[PDB]
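Participant: Mind having a look at this structure? Questions to follow.
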Amino acid sequence: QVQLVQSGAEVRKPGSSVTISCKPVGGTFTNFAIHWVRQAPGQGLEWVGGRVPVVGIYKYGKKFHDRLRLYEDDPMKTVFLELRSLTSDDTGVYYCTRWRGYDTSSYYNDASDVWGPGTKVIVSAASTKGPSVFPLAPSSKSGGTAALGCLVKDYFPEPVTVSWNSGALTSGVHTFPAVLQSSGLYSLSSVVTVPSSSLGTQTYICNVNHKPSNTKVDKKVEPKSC
Amino acid sequence: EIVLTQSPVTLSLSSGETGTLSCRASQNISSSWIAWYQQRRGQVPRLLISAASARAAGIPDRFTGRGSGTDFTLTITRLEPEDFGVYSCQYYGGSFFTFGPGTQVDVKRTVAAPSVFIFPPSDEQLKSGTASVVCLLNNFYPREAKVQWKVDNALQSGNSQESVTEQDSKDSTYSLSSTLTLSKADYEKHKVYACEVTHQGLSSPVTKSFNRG
Amino acid sequence: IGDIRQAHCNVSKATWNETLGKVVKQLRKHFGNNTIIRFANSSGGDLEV
Ligand SMILES: *[C@@H]1O[C@H](CO)[C@@H](O[C@@H]2O[C@H](CO)[C@@H](O[C@@H]3O[C@H](CO[C@H]4O[C@H](CO)[C@@H](O)[C@H](O)[C@@H]4O)[C@@H](O)[C@H](O)[C@@H]3O)[C@H](O)[C@H]2NC(C)=O)[C@H](O)[C@H]1NC(C)=O
Ligand SMILES: *[C@@H]1O[C@H](CO)[C@@H](O[C@@H]2O[C@H](CO)[C@@H](O)[C@H](O)[C@H]2NC(C)=O)[C@H](O)[C@H]1NC(C)=O
Ligand SMILES: *[C@@H]1O[C@H](CO)[C@@H](O)[C@H](O)[C@H]1NC(C)=O
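Chains as they are written, first to last, in my numbering: chain A, 223 to 448; chain B, 11 to 223; chain C, 12 to 60.
The following block contains the structure:
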């Protein structure tokens, strides 16, 4: 039984370079090839490159010429991927992949049953910024049940947690995954459906907690009805 | 190049139901360079079947692999709620590896139309120079819902992102959140905003609209 | 630098089989026709022996 251990998540500015490590544990080193399979946030799997560690039988993707560089270090028994000229497209999760099975030959044409935990590369030119919660109020614009929510915008690390009435309101809450804006800042929105009889009766406030920036926002949702 | 295609994009199955996923190759490839992977809930992919027929270690009897030359099939006789998610086929023959686009499976359920809602932007956000109109589709089972933004009955594209929750555990329903993001000046160049929903169980494309004011 | 494994020596099994089958017949000329001979590994002693 073999294993792969990768590095932690990293945030790099656009245009710079990023270096990711991958160390095997309990297996042969120079035989089977190490491949890299990346996943952009929300798209299908994409093959980055492949490389036998010490032998040097390597090949990159057509999209990754003049920007990709795969090398290794045998004293540490760890391979390394280097990606230069980073754009918002290269943001995603990278996986170190490898096949497992007196054999001194080298294999490059084999699948990948051993997958690394993944490394999250974020390309965004910003710093640790707190959120800016904005209300999404209910109105006539339905039939007994209306909806209302909050919108988190312009923040970072994105471990933000959103509760309703300090954990009191749980059912009907749909917190959507965070999306990376073109400016380089995260944003999401969390809504909930209530009966229209308790619009002006029951008080509804959000609770947004962003841990790195140490921000706790409690915004009230008040209808206007246009 | 060698590229793979997967046909039954979303394949609905109940307990005990039998399904068959497909993986068509462009050129003719050997029957020893095709593998099937399981990916459940954005976790680590697990190798289901190697060499398009060799069942991997510990993979249960429910996963049978076939195929030859161009088409490769993955048959699931029975399934628990354990094996649900995205299935991918990989060609690992030549010097360039390529994956399938992925195929998600759903818990088969009766048809359900989506409850559609629309949310105008807040004036507090308009003080920042950005505008975000939200279209919501809630509690619909049949996947592949079509959301189209109409600005003065003119279709938009590019500036409309969307996100969908996973299949709910209790009622096996989905929910979509489309966000149309514009600037301050582009928001004022029109006044009628809407989103049209094309859907199976929805016998007519429902349009939810509002005006600027 | 790199992986490690013990040094070794390969001998083709068919050639060794033929060589032994050819030497046994010359030994039978000294120790009897239609008889059996055996040979195990070394007895013991010096590493060079
Ligand atoms: C001295 O003798 C040794 C033993 O005879 C030699 O060791 C052998 O080295 C060769 C390469 O030079 C290996 O051959 C390859 O074997 C691999 C592994 O085979 C396994 O897996 C595949 C994949 O399913 C399977 O199809 C095979 O049947 C094997 O089960 C193959 O993948 C390669 O294609 C290739 O055939 C031998 O396997 C290896 N023998 C052992 C027992 O490990 C050594 O090279 C010799 N040295 C010299 C200097 O002559
Ligand atoms: C010792 O090495 C020689 C040369 O590496 C081997 O000879 C080769 O044998 C293979 C298999 O029969 C042939 O395909 C090559 O053409 C041979 N090369 C030469 C230069 O003769 C030989 O088989 C090896 N012997 C053992 C016992 O491993
Ligand atoms: C010979 O073979 C036996 C096993 O058959 C082993 O115990 C011994 O170490 C070997 N070497 C010698 C010198 O006896």
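Cβ coordinates follow ideal geometry from the N, Cα and C atoms, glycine included.
When the cut-off is 7 Å and only beta carbons count, does residue 15 of chain C lie next to chain A?
Facilitator: No, residue 15 of chain C does not count as interfacial toward chain A.
Participant: Note the first and the last residue of the continuous alpha helix (DSSP H) segment covering residue 26 of chain C.
Facilitator: Note, residue 26 of chain C: alpha helix (DSSP H), 24–42.
Participant: Looking at the structure shown, is residue 198 of chain B part of a helix, part of a strand, or coil, going by DSSP?
Facilitator: In the structure shown, residue 198 of chain B sits in a helix (DSSP, three-state: H, G or I).
Participant: Relative to the C-alpha of residue 228 of chain A, which residue among A/301, A/287 and A/250 is closest?
Facilitator: Per the Cα distances, A/301.
Participant: What would DSSP say about residue 190 of chain B, mapped onto helix, strand or coil?
Facilitator: Of the three classes helix, strand and coil, the one that applies to residue 190 of chain B here is strand, per DSSP.
Participant: Listed in chain order, which residues are found with a beta carbon closer than 5 Å to a heavy atom of ligand 2?
Facilitator: Selection output, chain order preserved: C/21 and C/23.
Participant: At what residues does the beta strand (DSSP E) containing residue 133 of chain B begin and finish?
Facilitator: Residue 133 of chain B -> not in any beta strand (DSSP E); alpha helix (DSSP H) instead, spanning 133–136.
Participant: If you measure from the beta carbon of residue 456 of chain A to each beta carbon in chain C, is any gap under 7 Å?
Facilitator: One cannot answer for residue 456 of chain A here, as it falls past the ends of chain A, which runs 223 to 448.
Participant: Would you mind sorting residue 383 of chain A into buried or exposed? The rule is 16 or more other CB atoms within 10 Å of its CB.
Facilitator: Residue 383 of chain A comes out exposed.
Participant: Go to residue 368 of chain A, then tell me how far its beta strand (DSSP E) extends in each direction, as first and last residue.
Facilitator: Note, residue 368 of chain A: beta strand (DSSP E), 367–377.
Participant: Is residue 170 of chain B helix, strand or coil when you go by DSSP?
Facilitator: Note: residue 170 of chain B maps to strand in three-state DSSP.
Participant: So the candidates are B/216, B/209 and B/223; which of them puts its Cα closest to the Cα of residue 197 of chain B?
Facilitator: Out of B/216, B/209 and B/223, B/223 has the C-alpha closest to the C-alpha of residue 197 of chain B.
Participant: How many angstroms separate the CA atom of residue 381 of chain A from the CA atom of residue 373 of chain A?
Facilitator: Their backbone Cα atoms lie some 15 Å apart in a straight line.
Participant: So with Cβ pairs under 7 Å, would you call residue 254 of chain A a contact of chain C?
Facilitator: No, because no Cβ of chain C sits closer than 7 Å to the Cβ of residue 254 of chain A.
Participant: Give the residues from the segment 102–115 of chain B that approach chain D closer than 9 Å (Cβ to any Cβ), ordered along the chain.
Facilitator: Absent from the structure is chain D; the protein chains it does hold are A, B and C.
Participant: If residue 102 of chain B and residue 43 of chain B are in contact, beta carbons under 8 Å, what's the gap, nearest whole angstrom?
Facilitator: Indeed, because the Cβ distance is near 5 Å, the residues count as touching under 8 Å.
Participant: Return yes when the C-beta of residue 53 of chain C is under 6 Å from any heavy atom of ligand 3, and no when it is not.
Facilitator: Because some heavy atom of ligand 3 lies under 6 Å away, the Cβ of residue 53 of chain C counts as near it: yes.
Participant: Could you check how far apart the C-beta atoms of residue 257 of chain A and residue 107 of chain B are, in whole angstroms? I think they sit under 8 Å.
Facilitator: The Cβ separation is near 6 Å, so the contact holds.
Participant: Name, please, each residue of chain B whose Cβ falls closer than 8 Å to the Cβ of residue 330 of chain A.
Facilitator: What residue 330 of chain A touches in chain B: 105.
Participant: DSSP state of residue 295 of chain A, grouped into three classes?
Facilitator: Three-state DSSP puts residue 295 of chain A in a strand.
Participant: For a contact defined as C-beta to C-beta under 8 Å, what are the partners of residue 14 of chain B on chain A?
Facilitator: Neighbours of residue 14 of chain B on chain A: none; closest Cβ ~11 Å, over 8 Å.
Participant: Taking the Cβ atom as the reference point for each residue, do residue 75 of chain B and residue 62 of chain B lie within a distance shorter than 7 Å?
Facilitator: Yes; because the gap between Cβ atoms is below 7 Å, this pair is in contact.
Participant: Decide if residue 41 of chain C is buried, meaning its Cβ has at least 16 other Cβ atoms within 10 Å, or exposed.
Facilitator: Exposed, because fewer than 16 other Cβ atoms sit within 10 Å of the Cβ of residue 41 of chain C.
Participant: Give a yes or no on whether 7 Å exceeds the smallest Cβ distance from residue 432 of chain A to chain B.
Facilitator: No, residue 432 of chain A lies away from the interface with chain B (no Cβ there is under 7 Å from its Cβ).
Participant: Compare the Cα-Cα distances from residue 432 of chain A to each of A/346, A/409 and A/403 and report the closest residue.
Facilitator: Comparing Cα-Cα distances from residue 432 of chain A to each of A/346, A/409 and A/403, the minimum goes to A/409.
Participant: Using a Cβ-Cβ cut-off of 7 Å, state whether residue 312 of chain A counts as contacting chain C.
Facilitator: No, no contact with chain C.
Participant: For residue 200 of chain B, which residues in the same chain have their Cβ closer than 6 Å to its Cβ, ignoring the five residues on either side in sequence?
Facilitator: So the qualifying residues of the chain are 161 and 162.
Participant: So, is the C-beta of residue 48 of chain C closer than 7 Å to a C-beta in chain A?
Facilitator: So, not an interface residue.
Participant: Less than 8 Å between the CB atoms is what I'm expecting for residue 399 of chain A and residue 173 of chain B, so what's the real figure, rounded?
Facilitator: 5 Å between Cβ atoms; contact.
Participant: For the segment 287–298 of chain A against the segment 350–370 of chain A, are there 3 or more C-beta pairs whose distance is under 8 Å?
Facilitator: The segment 287–298 of chain A vs the segment 350–370 of chain A: no contact.
Participant: Could you give the uninterrupted runs of the beta strand (DSSP E) lying entirely in the segment 381–431 of chain A, keeping only those of 3 residues or more?
Facilitator: DSSP runs (the beta strand (DSSP E)) wholly in the segment 381–431 of chain A: 383–386, 395–397 and 408–417.
Participant: Any heavy atom of ligand 1 inside 6 Å of the beta-carbon of residue 296 of chain A?
Facilitator: No, the Cβ of residue 296 of chain A stays beyond 6 Å of every heavy atom of ligand 1.
Participant: Please list, in chain order, the chain C residues whose beta carbon lies closer than 8 Å to that of residue 383 of chain A.
Facilitator: Those within 8 Å of residue 383 of chain A in chain C number zero; the least Cβ separation is about 47 Å.
Participant: Whole beta strand (DSSP E) runs in the segment 59–144 of chain B with 3 or more residues, listed along the chain?
Facilitator: Whole beta strand (DSSP E) segments, 3+ residues: 73–78, 81–86, 96–101, 113–117 and 125–129.
Participant: Pick out whichever of B/47, B/131 and B/81 has its Cα sitting closest to the Cα of residue 66 of chain B.
Facilitator: It is B/47 whose Cα lies nearest to the Cα of residue 66 of chain B.
Participant: In angstroms with no decimal places, state the Cα-to-Cα distance between residue 91 of chain B and residue 403 of chain A.
Facilitator: The alpha-carbon atoms of residue 91 of chain B and residue 403 of chain A are separated by roughly 35 Å.
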